[PDB]
Amino acid sequence: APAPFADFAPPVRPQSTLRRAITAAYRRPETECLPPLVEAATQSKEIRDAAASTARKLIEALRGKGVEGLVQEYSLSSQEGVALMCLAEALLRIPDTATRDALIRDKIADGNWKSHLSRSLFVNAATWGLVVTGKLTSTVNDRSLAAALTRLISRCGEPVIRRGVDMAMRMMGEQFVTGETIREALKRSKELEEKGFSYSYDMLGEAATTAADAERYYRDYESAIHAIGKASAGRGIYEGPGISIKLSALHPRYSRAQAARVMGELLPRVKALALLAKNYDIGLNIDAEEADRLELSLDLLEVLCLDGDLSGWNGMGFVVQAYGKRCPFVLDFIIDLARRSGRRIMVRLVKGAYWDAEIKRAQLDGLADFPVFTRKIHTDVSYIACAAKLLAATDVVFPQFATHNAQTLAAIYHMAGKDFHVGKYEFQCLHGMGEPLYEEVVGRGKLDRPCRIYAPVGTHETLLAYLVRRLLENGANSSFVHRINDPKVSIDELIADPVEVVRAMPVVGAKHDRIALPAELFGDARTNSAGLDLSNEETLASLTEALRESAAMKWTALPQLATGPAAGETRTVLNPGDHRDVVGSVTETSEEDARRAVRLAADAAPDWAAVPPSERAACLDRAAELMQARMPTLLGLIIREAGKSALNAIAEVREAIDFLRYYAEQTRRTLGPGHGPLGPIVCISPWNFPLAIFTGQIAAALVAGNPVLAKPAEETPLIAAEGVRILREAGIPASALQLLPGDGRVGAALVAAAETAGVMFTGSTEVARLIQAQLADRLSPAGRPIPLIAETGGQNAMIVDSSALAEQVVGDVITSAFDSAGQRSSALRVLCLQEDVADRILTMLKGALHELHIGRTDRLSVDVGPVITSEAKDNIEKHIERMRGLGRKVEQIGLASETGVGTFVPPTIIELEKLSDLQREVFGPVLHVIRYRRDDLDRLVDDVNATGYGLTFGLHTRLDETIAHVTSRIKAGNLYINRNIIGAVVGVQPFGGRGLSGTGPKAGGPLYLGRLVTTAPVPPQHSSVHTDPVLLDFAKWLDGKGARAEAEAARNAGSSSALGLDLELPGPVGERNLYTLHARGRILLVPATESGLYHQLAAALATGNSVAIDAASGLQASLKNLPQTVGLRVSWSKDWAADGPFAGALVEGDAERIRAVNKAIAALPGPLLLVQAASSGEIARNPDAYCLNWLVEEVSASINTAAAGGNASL
Amino acid sequence: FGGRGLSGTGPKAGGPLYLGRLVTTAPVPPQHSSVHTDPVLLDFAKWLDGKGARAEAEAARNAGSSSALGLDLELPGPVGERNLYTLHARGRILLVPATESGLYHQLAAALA
Amino acid sequence: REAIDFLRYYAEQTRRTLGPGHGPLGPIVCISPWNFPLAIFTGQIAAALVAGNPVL
Ligand SMILES: Cc1cc2c(cc1C)N(C[C@H](O)[C@H](O)[C@H](O)COP(=O)(O)OP(=O)(O)OC[C@H]1O[C@@H](n3cnc4c(N)ncnc43)[C@H](O)[C@@H]1O)c1[nH]c(=O)[nH]c(=O)c1N2
Ligand SMILES: NC(=O)c1ccc[n+]([C@@H]2O[C@H](COP(=O)([O-])OP(=O)(O)OC[C@H]3O[C@@H](n4cnc5c(N)ncnc54)[C@H](O)[C@@H]3O)[C@@H](O)[C@H]2O)c1
Ligand SMILES: N[C@@H](CCC=O)C(=O)O
Ligand SMILES: [Mg+2]
Ligand SMILES: [Mg+2]
């Protein structure tokens, strides 16, 4: 029985001094990195002057020697130019020239191009937009482009189409690639090889998603090596061509977390390719990728350079990125490795290609700092400093200075001095981009320094995949190539020496003023939680020890009453991944003590309510500091008690910290003496986020001034007990926070207790409905319903159309469906694939499914852990077997024998014929897949809505018309565009749904605390300038009927309503996070008096809703002669259960009438209804008798604006 | 410039729809498109689909896409002013059909 | 100024839109008011003309 965490994340090899110096610099503050780089990059005044002169000469030559020309000839707008290139791209998909030329001449030119061209013409328009305009738009306005294409064809006809086709053919066949195939690329390289250039070929292709795709990339590299080696014909590694490879192409799980697989499976493949490169004596360069792959790649480089089978060949090459803070230390390591191995490693120094993505990832992950610089000039200094280090080691490495920056080039040219021979070092550039500059460098007439051209090879399709990222290295406002074209930029500015510019700044190395450190994402509002970097070996080593220490601790959970711990029945808590691993002991609460706890809470309520809100919020902030400091220990407990992976446990602790700090800040923004607490609040939480959801509900209740009875899920009491311990340590009094471990009976006993003033429930819809029924019997002492927040299940869909990028879709689907073994309320349950792309995506998804490692979660290499109990496993497996029995195709990963000691369900994909094949939420790792024809998209959205759930929803498309359509028609609380549908972040994606998925208000949102006080405050930013027009028509009708006071109240409701609020919430770069307030739907109105009905109708209409009015009220004659606009929103209901689902209810009556109606409402099928009740006298006295906060629906939408390949804003 | 009701038929003088009224087949004006699809049009198209009125359902979806309803543009002008141009529904359209298919096409155009 | 602007605006709109399949209606009668006796006069006529129609 393996000891906990004994094999958590052992490194590939013991970390040498040189390796640890690399790791130490991973996230070093920018002000610490720059001073030594400035020192190393300094050159003499004579050299600086000579370099400036050379750089000026080069820039002058560049400025004194396509799409623009076409746009000019035909007077095309930008959209017309983009649309034309999209059309040319589509036309070039037609393989035969004569067939294409006839379609153009007889059909496309002669009008309806739509008629003749399952995929939008405009799927790649973001790329063509970059070509035409130099600007990147994340999504495509396909209606604008369709209009522009019709306009340009109808205006200019076949000639413009001809020119567009020829232009696109040249760009895609000759400019963006050296050739479509390696043979074609080789044939086209002869011309510049005769002029003194060399080549390194890049077979466009990165990121294998499946074993089969990695195998295809391997055979593509192997075949390219043969062709390059044959062509090289003994020219050797310096004069002759080489190949560049990306390691992520060669294995579908190239990551530190899968290091053992990488060394066991990827390394041999690289070795095989290297052996072939050695036999032909060509270069083989390992390209550099994301920052979290840098150190892993060094382990492969070390093994290859020490492998005797590769001896005698100096062609092994390796890229280092100067924008990275580790660059100089990586170079020290490589130079030393070259010395030890005797291999003259070819070192390609680049600035770096992933900058935008690195900024976003570090922000998302809450890490201490960025692994790259944030000011471009810093990268330039780093590049020059690293060049100095390389030029001092030309006996042991071969430096390759890959840059198009003439100032960088000139600085290095003079740095290297007058002694040169081929093989000492070289420059490099990209095909189709750098030849203008390097034709001023290569040859005896110029600077007589060689340049190797990096030559992309691939078909149009492969080309377009990552062409945006390629372009951005030269369109950004910071890019040299962009500046050298800007006539507003002088040569003097271009030849400015970055070393001296940085030296003379006030703070050397200061972070970019406009990029927030991850901790500062929310500015002055609150401190972002901090995560942990599972690619950092120091972090892994420290975490290994803390995790082991956490498993030695004697975790317990006890009934913690106001008077002290209570006795109860005690049992062990077992690790779901291995029942032999006892995590702790829980003592469960008797029903008697649960009732006693509520009485103690009631008697302590005044003392807690009297703690000022700012001091209550200070307790939450202190608790957040404590959880942040304790995160490693908390991780270990969550991993073992709840079966979570480390990555997911980190995110969970972060979320708990974020809840605490968010509700503390919301309190500081809102709560005052008139926002009185409800009283004792029962907080019932689910097992699956046993710290974060548990903490969030309790923290909210507490900071609003209510004492809390915390009832954690029976599966996960230990982390709950630790969260309560932390909150108490932070200053929450024991009387204000009591912990009552146990099962649903303890929850039910708490709900039923007379002094319970409010219930916060997160869990299954079915249990919420039992709680709703129990509360329907109850009124507060004031005669009003006991507030219930019930956040429940989902049946979450993602719709994918033919414009989406399969690899992105698969990654987001795998994460959304199978992260946490699907045990997230937000998890993807139904993937909907447009018919034309379904087979290809499904094949890739199945391939990716089989790369997942399922097992006990105390190993970093585990992707998917167990399900929480044998009962959950049995429930999920019954569903799978029923589906399989109906003949549905079922794909499942095979589980290792070691899973037998726990309760595991393999990730499973089930192909359904119709969405109706699914009945209720299956809370496990089970993805259902349906296919749809594009014309049936609207009906599909209907089908998604028809389940009655409304939690998370995803859409993958590049097309704005589809975004607008689907997002306007879907009815769900959390929407996600071009990203996964999980991991909603507090205050950024306020989380919670509608229908069967929740009552709201959303946790982690601004309306939440207001539900936990008797008088809701006005939340921050909560207002709308928009007035519902039906409300206005109703107010006019009231005035016409002589209901003057009611008409005034209706106008007031129209103004007070926040319907139409539309906000962007601060968050990470590369995402737009929106928060909007919409109508809830159809509100059930149960009036008693005419004036009550008018107030109810005003409240509902002002918040955009329709209504169903109780026909038993007898008030039909009070609504005679309604304007048709209002009548369309009004129905009368005799049988409420037939006319739903409703989305809320408004009730007027005395206490016993309210209780009776509340019981009738609870009995309605379907969603829990948020009911508000008032007496006729309260309606007369209190304009807010019905609070408009609870008559709107919150919607959060998160759009990945980097999905097109990069981040335009940055 | 131009109005509705008793003030005019449109299209507006000095605006992008004007020239299209003076030719037998109107061109697509500059910037004249919308990403929004009328939801009632979409419901109509689904109803037509249910009936097997396949050609009409297709014409309805195409009208839904080609409609510029919802266009919302800022026009270039002087500083210190924001000049906006938007396309809205006209109101209630009188439909004078002869045939069922004609009616479905007319409804599609009007709803879109 | 408005007359100049109509002329230049309808010219540009023509350059952005009109091709061989946008045939003219034929003779267009342009009836104008007294109160903008050059601007509205010119605008209606210019548009009709540039769309390919002779004007009365
Ligand atoms: C032959 C060859 C081969 C490769 C590469 C280039 C060449 C020529 N690249 C791409 C390379 O990393 C880089 O993006 C481009 O070459 C552009 O850099 P230049 O020095 O020519 O331009 P320039 O002098 O304009 O520098 C642009 C670069 O500055 C950096 N930058 C921009 N804004 C910044 C900011 N705010 N803060 C900090 N830094 C900022 C970025 O690195 C950006 O690419 C690469 N890249 C890679 O990562 N891995 C690889 O394997 C390769 N392979
Ligand atoms: N919408 C959300 O934010 C959200 C978040 C997490 C989980 N969930 C949902 O929670 C479910 C999984 O969590 P779970 O399995 O712990 O849920 P559950 O419904 O099984 O149990 C939830 C909690 O309610 C308690 N409980 C059970 N029966 C009760 C009763 N009769 N009276 C009072 N309390 C009772 C349990 O002890 C537990 O504390 C899923 O359906 C998931 O979708 C929703
Ligand atoms: N808010 C969580 C869902 C709660 C889990 O069940 C998420 O978005 O992953
Ligand atoms: Mg349960
Ligand atoms: Mg019910």
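Nothing in this text is a laboratory measurement; each read-out follows from the coordinates by a stated rule. Reconstructed Cβ throughout: ideal geometry from the backbone, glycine too, with neighbour counts over all protein chains shown.
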### Message
Quick check: net charge around A:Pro781, other residues with Cβ under 14 Å of its Cβ, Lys/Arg +1 and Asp/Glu -1?
### Response
+2
### Task
Would you mind checking which residues have amide H under 5 Å from A:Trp1132's amide H? H placed 1.01 Å from N; only 5 or more apart, or other chain.
A:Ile1109
### Message
Greater than 24 Å separation of Cα atoms is the criterion. Which listed pairs, A:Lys107/B:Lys46; A:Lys644/A:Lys711; A:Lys711/A:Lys878, meet it?
### Response
A:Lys107/B:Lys46; A:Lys711/A:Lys878
## Note on the structure
Per-residue Cβ contact counts at 10 Å, fewest first, order A:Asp497, A:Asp395, A:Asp943 as A:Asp395, A:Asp943, A:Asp497
### Distance between region A:1173-1210 and region A:1031-1075 - C-alpha centres, whole angstrom
11 Å
### Summary
Note to self, chain A gives a 222 nm [θ] from helices alone (DSSP H runs n ≥ 4, -39500 (n - 2.57) apiece, / all residues, nearest 500) of -13000 deg cm²/dmol
### Task
Within 10 Å of each Cβ in peptide A:145-151, how many partner chain Cβ atoms are there on average? Round it to a whole number, please.
5
### Query
Ranked by Cβ crowding within 10 angstrom, fewest neighbours first, how are B:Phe1, A:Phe329 ordered?
B:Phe1, A:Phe329
### Query
Which entries in A:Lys325/A:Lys360; A:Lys418/A:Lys446; A:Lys325/A:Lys418; A:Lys971/A:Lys1002; A:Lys1134/A:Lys1159 show an alpha-carbon gap greater than 20 Å?
A:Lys325/A:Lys418
## Note on the structure
Filtering trypsin sites (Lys or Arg not before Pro) in region A:906-998 by DSSP loop and by at most 12 other Cβ atoms within 10 Å leaves A:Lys914, A:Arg933
### In region A:1092-1196, the trypsin sites (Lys or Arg not before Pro) that fall in loop regions by DSSP, at most 15 other Cβ within 10 Å
A:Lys1120, A:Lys1134
### Task
Collect residues whose amide H, placed 1.01 Å from N in the peptide plane, falls under 5 Å from the amide H of A:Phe522; neighbours closer than 5 in sequence don't count.
A:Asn528
### Task
Compute the signed sum of charges (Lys and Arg +1, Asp and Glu -1) over the other residues within less than 15 Å, Cβ to Cβ, of A:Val583.
-1
### Neighbourhood net charge (13 Å Cβ-Cβ; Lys/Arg +1, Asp/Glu -1) for A:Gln834
0
## Note on the structure
Among the Cα-Cα pairs of region A:83-155, the proportion with separation greater than 18 Å, in percent, is 38 percent
### Query
Using θ = phi - 60° and the Karplus form 6.51 cos²θ - 1.76 cosθ + 1.60, what ³J(HN,Hα) does each residue of region A:300-317 get, whole Hz, x for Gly and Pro?
5, 4, 4, 5, 5, 6, 9, 7, x, 5, 9, 5, x, 10, 10, x, 5, x
### Query
What are the ³J(HN,Hα) values, in whole Hz, obtained from phi via the Karplus relation 6.51 cos²θ - 1.76 cosθ + 1.60 with θ = phi - 60°, for each residue of region A:689-699 in sequence order, with x given for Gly and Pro?
10, x, 9, 6, 5, 3, 5, x, 5, 5, 4
### Task
Could you list which residues have their amide H under 5 Å from that of A:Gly742, counting only those 5 or more apart in sequence or on another chain, with H placed in the peptide plane?
A:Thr589
### Message
Can you tell me the length gained on complete extension of the stretch A:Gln1021 to A:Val507, counting 0.36 nm per residue apart and subtracting the Cα distance?
### Response
181.4 nm
### Message
Give me the one-decimal nm value for the distance between modelled label points at A:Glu913 and A:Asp935, 7 Å along each residue's Cα-to-Cβ direction.
### Response
2.2 nm
#### Entry: In Hz, Karplus ³J(HN,Hα) per residue of region A:39-54 (6.51, -1.76, 1.60; θ = phi - 60°; x = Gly, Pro)
4, 5, 8, 5, 10, 5, 4, 4, 5, 4, 5, 5, 5, 4, 5, 4
### Message
At a 10 Å Cβ-Cβ cut-off, how would you order A:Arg119, A:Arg829, A:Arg155, fewest neighbours first?
### Response
A:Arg119, A:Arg155, A:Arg829
